[PDB]
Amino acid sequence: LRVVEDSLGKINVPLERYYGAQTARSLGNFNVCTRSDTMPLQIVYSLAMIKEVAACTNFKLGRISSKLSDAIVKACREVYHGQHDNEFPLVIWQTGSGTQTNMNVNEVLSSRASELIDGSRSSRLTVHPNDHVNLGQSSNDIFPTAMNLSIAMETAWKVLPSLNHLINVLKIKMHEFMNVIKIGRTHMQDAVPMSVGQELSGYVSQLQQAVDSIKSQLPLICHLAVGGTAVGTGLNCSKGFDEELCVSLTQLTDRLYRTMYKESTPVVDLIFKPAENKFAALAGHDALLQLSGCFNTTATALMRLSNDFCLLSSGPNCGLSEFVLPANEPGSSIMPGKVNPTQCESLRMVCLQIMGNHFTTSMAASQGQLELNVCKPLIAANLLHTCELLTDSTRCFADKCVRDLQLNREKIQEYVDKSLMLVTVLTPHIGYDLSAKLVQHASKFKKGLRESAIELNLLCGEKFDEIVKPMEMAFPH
């Protein structure tokens, strides 16, 4: 157990650990779901990235030596390559600025950088957390910068590929079943013929719309608060520091993608720029809430996909039984041989959690107080949870449900034959009023449209077979 000190006095940390007084204090002061609600590591990794480019920029502006800059840079890289995950024990439910996690990163980099320079660990640190590692920075501007950076990388590199994968797997089935005629249902009542491919193209469209909205929003969250310092004025920040750091951060993220993902083109290039208004970048998270809204819309689209796949696979004998979903596992502890649409149920629960995350972000975004919104850790945790949910859940559904989707061709054709709303094609011939008489007749006396149309002397058996052709109704031009 090492001993460290600050303004408030003396406190213990484990001797193995790189974090210091401020981390020790936050550990004890914020004992709220410490087991499960750790600040997301994506925030810690992005803070490490920002401190690296801050070190390089501070050296280029002649504000710090190259001995210090170099040791910090090597410390930063160890953190975002995941060699110090256990140096970050602080929870989401800390200070609303994320100051304590910023100090946590400052203290771990400070002490490690100090170890690399010295060669041993001493009580007197060569690298100061405030004077060196945090130089030209507040938590007020650097925490929002880490929020936007971490969420831009999650969204561009993890979320978009997953959504594109699900779109691509639906497109395979869309084409595979484009010529399979089924009956449309509106208000869950029998409607007119359409193809299975047409129905799948509806989900592809909704998900493509979602992907297009997210791609458009990304460049706007790549506007960074960095350089605003305490209240947005940029006091204690060098002229050009915001612009130079955003250039370096663009190049570091460009290199990082290409180390992580070989022979791939990013779906969107991440070009970081200083925010046009640093006051708005501290006082609000409008651009992150707009992305939250894009994820909310994505969730509502994914909800219909799940619910429609559950409805169309209902059965096997007392339901619709149009769709056959792959059977991945036994369904029931009590009902032997029952197989449930469990990939649909997983996605639907994930979607409700994304929508709830969006309502939480909305309320948190609305709680601005003068110069600083102090719900930042909650906005970060909810958007980063949504990124992981969309990433993992859409890929699960694509691979464990859509990939091996099959049809019950006999049941589907039974529905095409039996829908009374085939009569719809006859309304331009025999009129809307006489078509209703026809359907009312077919229902009462439990007979088909053809037999009924002859029986009421309204259409000849020859004319009926000429007018009513299912596949031509699904594609009428």
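Note that residue numbering follows the sequence shown and begins at 1.
State which stretch shows the higher mean Cα B factor in the entry: 73 to 81 or 367 to 375. Result of the comparison: 73 to 81.
Can you tell me whether 141 to 149 has a higher mean C-alpha B factor than 125 to 133 in this record, or the other way round? The recorded data point to 125 to 133.
Per the coordinate record, which of the options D254, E199, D118, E388 holds the highest CA temperature factor? Largest recorded C-alpha B-factor: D118.
Highest recorded C-alpha temperature factor, please, choosing from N408, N31, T427, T38. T427 has the highest C-alpha B-factor of those listed.
Among the chain's modelled residues, which third holds the C-alpha B-factor of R304? For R304, the deposited C-alpha B-factor lands in the lowest third.
Which third, lowest, middle or highest, does the C-alpha temperature factor of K215 belong to within its own chain? Ranked within chain, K215 CA B lands in the lowest tercile.
For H358, the third of its chain into which the C-alpha B factor falls: For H358, whose C-alpha B-factor we compare with every modelled residue in the chain, the answer is the lowest third.
C-alpha B factor of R348, ranked within the chain: lowest, middle or highest third? Lowest third.
B-factor third for the C-alpha atom of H223 within its chain: For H223, the deposited C-alpha B-factor lands in the middle third.
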